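Visitor:
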Amino acid sequence: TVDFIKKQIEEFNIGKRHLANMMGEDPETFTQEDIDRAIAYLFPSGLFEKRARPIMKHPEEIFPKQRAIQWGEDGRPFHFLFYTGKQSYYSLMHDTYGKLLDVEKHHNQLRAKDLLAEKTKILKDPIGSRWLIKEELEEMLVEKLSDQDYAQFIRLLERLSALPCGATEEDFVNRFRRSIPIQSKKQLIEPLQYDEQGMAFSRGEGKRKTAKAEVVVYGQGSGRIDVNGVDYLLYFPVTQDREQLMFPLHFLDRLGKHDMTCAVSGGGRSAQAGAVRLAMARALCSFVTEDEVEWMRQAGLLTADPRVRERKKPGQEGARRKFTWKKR
Amino acid sequence: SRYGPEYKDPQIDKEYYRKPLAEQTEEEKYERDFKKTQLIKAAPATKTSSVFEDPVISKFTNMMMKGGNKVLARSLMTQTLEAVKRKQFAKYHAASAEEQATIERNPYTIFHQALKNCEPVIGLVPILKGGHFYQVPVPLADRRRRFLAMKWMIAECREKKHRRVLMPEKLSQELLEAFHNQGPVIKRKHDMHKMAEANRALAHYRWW
Amino acid sequence: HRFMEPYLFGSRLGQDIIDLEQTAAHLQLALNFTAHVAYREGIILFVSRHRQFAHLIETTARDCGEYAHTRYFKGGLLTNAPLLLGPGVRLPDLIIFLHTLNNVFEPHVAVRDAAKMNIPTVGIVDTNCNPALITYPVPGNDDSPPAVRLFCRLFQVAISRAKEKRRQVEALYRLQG
Amino acid sequence: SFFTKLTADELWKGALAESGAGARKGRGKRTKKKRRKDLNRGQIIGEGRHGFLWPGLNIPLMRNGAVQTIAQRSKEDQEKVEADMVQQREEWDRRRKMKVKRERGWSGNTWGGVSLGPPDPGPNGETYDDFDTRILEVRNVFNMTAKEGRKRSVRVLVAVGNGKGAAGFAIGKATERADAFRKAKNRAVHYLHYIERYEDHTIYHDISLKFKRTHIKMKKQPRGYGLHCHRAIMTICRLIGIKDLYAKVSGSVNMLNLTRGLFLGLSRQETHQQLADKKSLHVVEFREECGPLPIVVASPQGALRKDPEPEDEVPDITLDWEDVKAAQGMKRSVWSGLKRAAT
Amino acid sequence: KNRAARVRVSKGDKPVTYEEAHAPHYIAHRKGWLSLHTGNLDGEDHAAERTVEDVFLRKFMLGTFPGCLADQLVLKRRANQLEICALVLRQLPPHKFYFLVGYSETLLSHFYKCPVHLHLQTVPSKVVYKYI
RNA sequence: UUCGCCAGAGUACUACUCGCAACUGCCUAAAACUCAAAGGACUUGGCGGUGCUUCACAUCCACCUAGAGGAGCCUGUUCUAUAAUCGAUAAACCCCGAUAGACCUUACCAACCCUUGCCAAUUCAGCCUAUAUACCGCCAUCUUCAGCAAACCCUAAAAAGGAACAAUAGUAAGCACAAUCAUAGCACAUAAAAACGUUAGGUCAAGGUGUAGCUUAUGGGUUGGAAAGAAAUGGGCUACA
RNA sequence: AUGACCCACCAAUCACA
Ligand SMILES: [Mg+2]
Ligand SMILES: [Mg+2]
Ligand SMILES: [Mg+2]
Ligand SMILES: [Mg+2]
Ligand SMILES: [Mg+2]
Ligand SMILES: [Mg+2]
Ligand SMILES: [Mg+2]
Ligand SMILES: [Mg+2]
Ligand SMILES: [Mg+2]
Ligand SMILES: [Mg+2]
Ligand SMILES: [Mg+2]
Ligand SMILES: [Mg+2]
Ligand SMILES: [Mg+2]
Ligand SMILES: [Mg+2]
Ligand SMILES: [Mg+2]
Ligand SMILES: [Mg+2]
Ligand SMILES: [Mg+2]
Ligand SMILES: [Mg+2]
Ligand SMILES: [Mg+2]
Ligand SMILES: [Mg+2]
Ligand SMILES: [Mg+2]
Ligand SMILES: [Mg+2]
Ligand SMILES: [Mg+2]
Ligand SMILES: [Mg+2]
Ligand SMILES: [Mg+2]
Ligand SMILES: [Mg+2]
Ligand SMILES: [Mg+2]
Ligand SMILES: [Mg+2]
Ligand SMILES: [Mg+2]
Ligand SMILES: [Mg+2]
Ligand SMILES: [Mg+2]
Ligand SMILES: [Mg+2]
Ligand SMILES: [Mg+2]
Ligand SMILES: [Mg+2]
């Protein structure tokens with residue numbers, strides 16, 4: 070299947086030249102991005118599965134990694150671990166154990182000479198370091214693996230990293246390091262806005278349950294709230310809804326210090342109360358300190374409420390409720 | 035369950051967040067709370083940061099509700115609290131200085147005391163042995179006893195009133211009668227305790 | 098093991114003493130065979146399932162330019178070669194057993210299956226091992242480190258010497274014409 | 088009514104009823120049979136019974152260097168064409184109703200004795216055309232399954248040999264009969280015995296073996312006496328290359344046990360050379376037809392003994408009451424002397 | 036079980052097209068539509084007509100090209116003209132192929148009163164997506 | 001080396017004999033007749049009011065909420081009833097084929113009519129005639145169950161079985177599950193999906209068909225009729241405030 | 001507590017002259 074890959078790369082280069090020509094672009098500055106835009110335009114397949122869409126890519130990405138030829142033309146296998154049926158994995162383990170033996174020898178010689186010169190590199194935790202998944206290891210060796218195989222290997226790496234770390238040994242166990250991406254849930258503060266000689270006005274947008282709310286709050290005004298051009302006491306006759314509007318302000322002790330205007334559409338009265346509650350909470354985050362933002366998040370003020378009406382299902386009554394079931 | 039198991043419940047208390055600096059283990063605890071990058075459920079519409087809301091009053095409100103009416107049930111709760119208040123003011127101004135020192139005008143403490151008085155100590159579970167069902171005395175969990183108290187209250191003041199009589203009236207009546215231990219609700223709790231003593235031997239059938 | 102008695106010099110206070118005269122007589126022939134196999138350019142597999150000397154053996158075979166299976170032996174490995182290993186394969190022309198048992202103390206499958214496959218087998222058969230299906234058994238101790246190391250070394254050297262003599266007689270063959 | 092019609096595949100799938108529930112549990116008989124015939128088999132593009140000739144289809148596009156016009160055949164011409172197509176149908180019906188001959192192994196409906204033809208070439212390119220395979224026993228066997236209930240697998244026992252002294256048997260099992268045949272062949276090649284043949288016709292010496300509950304007793308015959316044996320044993324013998332033998336089987340006649348026991352007993356043979364070597368003496372054969380003349384068969388390579396064998400006046404040997412009864416003419420069985428066809 | 040437009044799993048030998056290898060719940064997800072026309076859009080008319088036309092076209096094309104039809108028809112309708120795209124086995128000599136191209140295009144142009152285009156893509160044998 | 005026993009199963013630890021402190025006894029022990037098997041061990045299932053663990057998440061008990069069963073109506077079955085359709089009819093039928101019957105639809109009944117009688121041609125059209133136990137097509141059901149299966153390999157024989165991770169014979173492509181896709185951002189949820197088989201499950205009345213039936217009729221038209229509530233019951237709607 | 005009887009595996013193709 071090698072001649073296949075050679076050919077596929079030839080015809081990929083030729084075809085990339087052709088595509089660069091018809092699209093009217095420089096064949097040299099053509100990227101995979103541009104190829105993607107090009108075929109997206111030329112063959113526009115709406116299909117919801119993205120792997121079923123038209124693709125021209127480099128044959129190495131398209132085709133799966135191949136296990137190379139395991140023996141010479143005389144029949145003698147290249148690797149000495151061949152007959153294990155896993156040569157890659159058991160090679161990996163052989164070398165890992167070889168280096169653990171090396172660390173033990175070297176560190177024992179340094180125990181006899183009265184020297185512990187090493188340090189523990191085992192905590193990478195601020196880097197967000199983790200081990201490979203079984204999938205990654207499987208891809209690295211170009212060989213299928215078992216859960217107990219991966220677990221064995223990882224445990225042996227834990228044995229290695231728990232000892233004094235050499236340079237070559239550190240570099241070795243760091244192939245098998247991955248770094249988990251950024252973990253911070255800190256919000257993104259709306260930059261405060263100054264408009265037409267008026268000072269300190271912030272905006273926020275809540276969405277709850279068919280109801281959308283856009284809230285503009287002024288920190289320069291006294292306490293009142295105008296929802297869709299009318300007073301909040303008029304728009305929300307129910308006490309519960311006014312308490313919902315009162316929640317974030319009472320939470321921040323801002324109850325008299327801010328003046329708000331709102332546009333809320335759709336849903337019912339309580340859905341609107343909630344949307345405005347959320348919008349208001351997200352709007353008051355520009356005026357407050359970075360700690361009280363975390364306090365509002367931990368009171369559940371800043372999170373949208375995912376709870377939404379479920380679709381009725383055929384053969385049932387209420388999307389949960391079922392028709393009366395007769396035994397006999 | 036539109037929330038994954040990852041989502042923690044919100045802590046609505048303002049006093050907790052306002053005065054952190056005096057406690058080490060709790061500082062460490064809510065440090066681990068937010069710094070864990072922990073998702074938080076959106077705070078409920080029923081629950082507020084309000085200094086005026088009693089969770090027990092809210093539970094009883096819910097337990098009164100028929101259909102989807104929070105409005106009508108909150109209405110009847112409000113009216114019952116107001117009715118207890120004014121009943122105790124009417125009892126206050128017709129009394130003398132001693133009984134003006136004694137009588138309680140807080141409808142909240144009357145609610146909580148009536149329910150504490152009306153909650154059962156012990157209970158009955160049916161158990162199948164030898165092809166017969168025996169009623170057996172079972173110690174109850176707290177929440178179960180609170181529930182039983184409230185449900186017994188609403189059961190009686192729904193069922194036993196005359197149709198002319200309004201709900202806040204009957205409910206305030208029974209709240210003030212159960213405050214003083216003389217209500218039919220406490221008679222029900224007593225029927226339970228007497229049926230729990232009549233069967234006391236059968237307490238051996240309980241295996242837990 | 099009952100079949101081990103002709104190889105025993107005797108029992109000293111409950112411990113079994115292997116006769117080393119016979120051990121030498123056998124090991125001679127075993128090494129002889131092993132070298133002759135390496136000379137004729139054929140595959141030698143070191144099989145042991147013992148986890149002490151696993152690394153040592155893998156090391157030994159890597160250093161002779163020979164192959165080692167020290168791991169869990171997959172079921173159809175020798176019998177069904179083409180599926181486990183690949184489309185067509187060569188199989189080891191000799192198999193060396195440093196331990197004739199598996200860690201549950203039964204005979205290593207590869208003995209029965211190398212027999213099954215018409216492959217000759219050299220192995221170190223301890224006092225409790227079964228010699229029957231092994232082609233060139235060498236009676237001796239497989240448990241203690243100096244014994245295992247001695248045999249590792251011995252087979253290493255026999256292999257290396259064989260391959261070298263092959264190289265040199267080849268050079269002589271090329272200078273002949 | 089045009090939209091109310093369908094594909095031929097759909098129609099055949101419908102009419103044949105192969106996928107039904109009657110086929111699976113064997114809820115219907117095997118003597119009931121109907122087949123699918125292609126209706127496009129003998130038809131050409133453009134042909135119709137109206138008789139038209141189209142320039143691109145029925146007839147060549149250009150006749151005499153010009154373009155042929157759309158035309159129609161004469162009435163009688165179309166009569167002859169339809170006669171031809173009818174005779175084509177009758178020809179294929181004549182071909183279809185003729186059943187190919189199946190060579191019978193032992194009985195008409197038995198698979199035993201039947202040849203499967205040379206086994207399949209190994210993965211290395213190794214090919215045996217010198218090997219023939221015979222079926223010993225085919226048997227329908229069942230297992231109770233959680234879902235399916237009774238589940239029927241065929242298992243066949245098959246033997247192979249080159250006639251040159253190498254032979255072996257194996258068993259194979261599958262849901263389909265064909266599959267099991269294949270499996271059993273290819274597996275049989277792997278287990279082969281070498282059976283030593285004295286003078287390449289008989290065995291070396293009299294054998295008697297009890298394998299499990301089966302008793303095989305084989306006596307070594309002279310040159311002219313062909314293969315007097317249980318039919319299975321005759322088969323295996325023709326595969327080994329043993330041309331002259333007598334074998335009686337007693338006890339359980341169960342096939343597998345019979346061939347395992349047989350191959351064991353033939354494998355346990357002791358060659359005159361092995362005997363010569365273990366006794367260190369000359370083994371010397373006395374033909375009755377050649378008289379007192381002492382033909383020396385085997386000589387003990389290595390050092391011959393100067394010590395004569397101890398002479399036992401009366402030997403101690405286990406004797407079969409059957410052989411003794413035979414020797415003294417007390418076997419009167421009407422079944423024993425019967426004339427049979429050739430080996 | 037759902038039997039709709041499904042090719043059941045055989046003993047594992049059964050050759051299958053990309054088309055037949057995907058059940059009805061995979062339309063618009065993996066496999067696309069075998070017909071393209073406006074009539075099924077929100078504000079549009081004469082879906083019924085386009086449908087009956089479609090059916091007759093499949094039946095007709097199947098009968099006119101016996102045995103050489105590889106995959107199900109692709110019917111594209113653009114501004115009164117229909118382009119029929121077909122995958123065809125190599126069976127007939129190109130003479131017959133062109134004969135039937137012209138004959139069909141003409142015949143259906145005169146039957147449906149609109150211009151009919153016919154595009155034949157020839158393939159050596161049925162393209163196999165699965166099993167086999 | 002001996003002795004005692006044993007010649008298909010039942011009939012039969014029986015009938016008749018001899019002997020016996022036994023008299024409803026023991027001992028000895030047949031045949032007619034009946035059958036084509038009777039037996040012994042095993043294998044894989046299934047099952048068990050068998051035991052031990054672990055569970056159930058609308059789910060069994062404990063427990064929560066709202067209903068049904070009683071009333072009136074609405075609608076469907078069952079019966080009874082008519083000259084007067086059919087189909088479903090434990091779970092997996094019962095506002096079910098029907099997202100739909102005043103005529104039509106319509107297949108039924110009663111009268112009447114028409115016999116190359118829809119088509120380019122056809123000693124042919126046409127059939128809602130029988131068979132869903134001949135079927136294709138669609139499905140139900142186990143089932144949000146985790147298995148099915150080709151090709152090999154192993155077993156002092158193999159009916160079948162085939163794991164032990166400090167690993168003892170199993171490799172396996174494929175299909176399901178899983179993953180992706182949808183519900184316009186994630187996540188969750190929901191939808192969709194769910195193999196092989198099981199219930200000769202449902203449907204010849206969607207249509208198509210095998211086999212067997214009708215042909216001035218079991219086919220094609222027109223007109224008008226299809227009632228009804230003794231009773232029983234399912235599912236609903238409206239209530240009893 | 002109960003639940004007529006009867007149910008199952010013994011036949012081989014296609015294509016060409
Ligand atoms: Mg509902
Ligand atoms: Mg040992
Ligand atoms: Mg015959
Ligand atoms: Mg008898
Ligand atoms: Mg007795
Ligand atoms: Mg008697
Ligand atoms: Mg007698
Ligand atoms: Mg329930
Ligand atoms: Mg109701
Ligand atoms: Mg009711
Ligand atoms: Mg009712
Ligand atoms: Mg009906
Ligand atoms: Mg019918
Ligand atoms: Mg019926
Ligand atoms: Mg049913
Ligand atoms: Mg009518
Ligand atoms: Mg009719
Ligand atoms: Mg059916
Ligand atoms: Mg699986
Ligand atoms: Mg066995
Ligand atoms: Mg198996
Ligand atoms: Mg597989
Ligand atoms: Mg998605
Ligand atoms: Mg999900
Ligand atoms: Mg679903
Ligand atoms: Mg899925
Ligand atoms: Mg049925
Ligand atoms: Mg029926
Ligand atoms: Mg019909
Ligand atoms: Mg009418
Ligand atoms: Mg009713
Ligand atoms: Mg219903
Ligand atoms: Mg009875
Ligand atoms: Mg029964």
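Chains as they are written, first to last, in the authors' numbering: chain AI, 70 to 397; chain AG, 35 to 242; chain AB, 98 to 274; chain AE, 88 to 430; chain AC, 36 to 167.
Ideal Cβ positions, reconstructed from N, Cα and C, are used throughout, including at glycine.
1. May I ask which residues mark the beginning and end of the beta strand (DSSP E) holding AE/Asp-219?
2. Would a check of beta-carbon distances place AG/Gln-45 closer than 8 Å to chain AI?
3. Assuming contact is defined by CB atoms lying nearer than 8 Å, are AE/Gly-313 and AE/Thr-197 in contact in what I supplied?
4. Taking AE/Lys-119 as the reference, give the member of AE/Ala-110, AE/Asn-127, AE/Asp-125 with the closest Cα.
5. Give the range of the beta strand (DSSP E) segment to which AG/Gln-169 is assigned.
6. Using a Cβ-Cβ cut-off of 8 Å, state whether AI/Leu-210 counts as contacting chain AB.
7. Quick one: residues in its chain with C-beta nearer than 6 Å to the C-beta of AG/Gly-101, no 5 flanking neighbours on either side, listed in chain order?
8. Keeping to the same chain, check which residues put their C-beta closer than 7 Å to that of AC/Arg-41; ignore five residues upstream and five downstream.
9. AI/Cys-331 bridges to which residues according to DSSP?
10. Counting only the same chain and skipping the five closest in sequence on each side, list residues whose C-beta sits under 8 Å from that of AG/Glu-153.
11. Answer with yes or no whether the minimum CB distance from AI/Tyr-219 to chain AB is below 8 Å.
12. Report yes if the CB atom of AE/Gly-199 is closer than 8 Å to the CB atom of AE/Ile-222, and no otherwise.
13. What number of angstroms, rounded off, separates the C-alpha of AG/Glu-49 from the C-alpha of AI/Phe-270?
14. Can you look up AC/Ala-114 in the DSSP assignment and give me helix, strand or coil?
15. Can we say the region 148-157 of chain AB touches the region 155-167 of chain AI, given the rule of at least three CB pairs closer than 8 Å?
16. For the beta strand (DSSP E) containing residue 439 of chain AI, list its first residue and its last residue.
17. Which runs of the alpha helix (DSSP H), 4 residues or longer, sit entirely within the region 121-150 of chain AI?
18. With 16 as the cutoff for other CB atoms within 10 Å, does AE/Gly-348 come out buried or exposed?
19. Could you list which residues in chain AI have their beta carbon closer than 7 Å to that of AG/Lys-48, in chain order?
20. Using a Cβ-Cβ cut-off of 8 Å, state whether AI/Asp-95 counts as contacting chain AG.
21. Taking only the alpha-carbon atoms, compute the straight-line gap between AG/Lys-69 and AI/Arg-323 and give it to the nearest angstrom.
22. In this structure, does DSSP put AE/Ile-329 in helix, strand or coil?
23. Excluding sequence positions up to five away, which residues of its chain have a Cβ less than 7 Å from the Cβ of AE/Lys-238?
24. AC/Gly-102 touches chain AE at which residues, Cβ-Cβ below 7 Å?
25. Rounded to whole angstroms, what is the Cα-Cα separation between AC/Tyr-147 and AE/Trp-141?
26. Around the Cβ of AI/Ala-342, are there at least 16 other Cβ atoms within 10 angstroms (buried) or fewer (exposed)?
27. Going by DSSP, name the residue or residues bridged to AE/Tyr-285.
Guide: Once the coordinates are examined:
1. Going by DSSP, AE/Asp-219 is part of the beta strand (DSSP E) stretching over 219-232.
2. yes
3. no
4. AE/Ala-110
5. Per DSSP, AG/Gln-169 belongs to the beta strand (DSSP E) from 166-173.
6. no
7. none
8. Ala-58
9. AI/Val-284, AI/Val-296
10. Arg-179, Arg-180, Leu-182, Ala-183, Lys-223
11. no
12. yes
13. 28 Å
14. coil
15. yes
16. Since the displayed chain AI opens at 70 and closes at 397, residue 439 of chain AI lies outside it and no answer follows.
17. 128-131
18. buried
19. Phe-320
20. no
21. 26 Å
22. coil
23. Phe-229, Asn-230, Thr-232
24. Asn-127
25. 24 Å
26. Using a 10 angstroms sphere on the CB of AI/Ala-342, the tally of other CB atoms reaches 16 or more, which defines it as buried.
27. In the DSSP output, where bridge partners are listed per residue, AE/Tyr-285 has AE/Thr-289.
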